[PDB]
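The structure appears right after this line, and notes come after that.
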Amino acid sequence: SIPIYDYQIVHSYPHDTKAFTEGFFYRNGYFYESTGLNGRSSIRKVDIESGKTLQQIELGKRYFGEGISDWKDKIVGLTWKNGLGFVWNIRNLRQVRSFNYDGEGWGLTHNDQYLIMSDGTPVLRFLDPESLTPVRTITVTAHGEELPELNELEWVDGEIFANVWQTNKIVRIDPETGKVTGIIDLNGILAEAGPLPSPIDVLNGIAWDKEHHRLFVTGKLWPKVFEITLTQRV
Ligand SMILES: [Ca+2]
């Protein structure tokens, strides 16, 4: 019953083959990426066409960054094992706040009212953007069963898209119910990426350009970001 979507590549853009993508979004014509880079973690503003960095901060050695999302004129970021997050001004990525949260923090996105965070479990949390505390909590299910390993997130036209860690699939989640209503199958997309680096890591990172309706997907150490369209299979 859950429709499956196949992809068509519209464009491929260069992606840093050393970049362990942990957070990824599109804003004001650019990509913003939270990356692990050889043991340390950075937040970068990236030119889409060239994949080159325009602006970057490197987090303190005590912290390792995970999901990031814009909120108004801020960027909000999660961490790997710190149980805390950060808020930066978007202009110069100056840190303005730290906040605590429960458990782990993997992917982060937002809709018009809330930040939405995953943590590698089936559970998604909707944060009040001022208090940065959970005001709604939902459990994600596919075929009526809990779906764990939810990672990078993106709000796309009223749905929550999520990477499922260790797979080449992206689930489309009904935000009212937590039910998976569609599955995007990206298996085989690496065969269309050109020469691959060694090592290479997993699919992870979804961004959405609301103005032009461009959907972008990438992965850890992946040599490309793909702009893709979707068609329902069968
Ligand atoms: Ca995202």
Side-chain angles (χ1 to χ4, degrees), residues 5 7 13 15-16 19-36 41-48 51 53 64-72 74-80 85-88 90 93 101 104-120 124-127 129 132 140 149-165 167-173 175 180 182-184 186 189 201-222 224-230:
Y5 295 85
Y7 69 86
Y13 296 111
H15 183 252
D16 183 349
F20 292 94
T21 304
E22 304 294 359
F24 184 59
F25 66 82
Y26 170 99
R27 186 166 181 287
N28 57 84
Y30 287 78
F31 292 150
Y32 284 83
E33 196 177 351
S34 169
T35 58
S41 151
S42 286
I43 301 315
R44 52 172 49 157
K45 182 178 178 182
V46 176
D47 181 69
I48 295 175
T53 294
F64 196 94
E66 300 293 338
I68 57 169
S69 177
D70 58 305
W71 181 262
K72 296 176 176 179
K74 311 284 192 254
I75 298 179
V76 182
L78 307 178
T79 59
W80 191 39
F86 298 107
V87 182
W88 307 271
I90 200 152
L93 309 172
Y101 56 73
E104 291 193 347
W106 290 28
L108 186 68
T109 188
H110 76 86
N111 62 14
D112 292 342
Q113 289 183 102
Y114 308 109
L115 287 150
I116 304 164
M117 74 179 287
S118 60
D119 65 4
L124 297 177
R125 286 170 269 172
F126 292 73
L127 310 184
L132 294 165
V140 178
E149 311 306 320
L150 307 180
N151 207 348
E152 225 278 319
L153 301 185
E154 192 69 22
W155 184 260
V156 180
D157 289 3
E159 297 189 339
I160 303 159
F161 284 25
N163 289 102
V164 181
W165 198 42
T167 85
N168 291 306
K169 285 160 190 177
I170 293 167
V171 295
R172 304 171 70 155
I173 300 163
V180 169
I183 301 156
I184 300 154
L186 301 184
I189 203 164
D201 202 298
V202 300
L203 180 74
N204 194 58
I206 309 169
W208 172 242
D209 167 359
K210 177 70 157 174
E211 183 180 9
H212 313 283
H213 274 214
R214 294 184 293 171
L215 183 59
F216 299 100
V217 295
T218 193
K220 305 194 194 177
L221 314 179
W222 282 33
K224 301 296 183 184
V225 178
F226 297 101
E227 175 183 347
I228 59 169
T229 57
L230 302 178

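First listed ligand is number 1; within each ligand, the first listed atom is number 1. Quick note: numbers below take in every heavy atom, side chains included, and nothing from hydrogens, waters or symmetry partners. Along the sequence shown, the residues carry numbers beginning at 1.
Among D157, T229, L230, the single residue meeting the side chain to side chain contact (heavy atoms under 4.5 Å, CB included) criterion with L215 is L230.
Looking at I116 and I160, their side chains come closer than 4.5 Å, going by heavy atoms from C-beta outward.
Checking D112 against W155 by side-chain atom types alone, no donor-acceptor pair falls below 3.5 Å.
Protein N/O/S atoms closer than 3.0 Å to the Ca ion (ligand 1): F24 O, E152 OE1, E152 OE2, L153 O, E154 OE1, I206 O.
Between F86 and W88, the ring planes are tilted. Angles from 30° to 60° get that label. Ring geometry for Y26 against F216 counts as parallel: the plane angle stays under 30°, on a 0 to 90° scale with 60° as the upper cut.
With sequence neighbours excluded, the residues forming a side-chain contact (heavy atoms from CB on, under 4.5 Å) with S118 are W106, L124, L150, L153, listed by chain and number.
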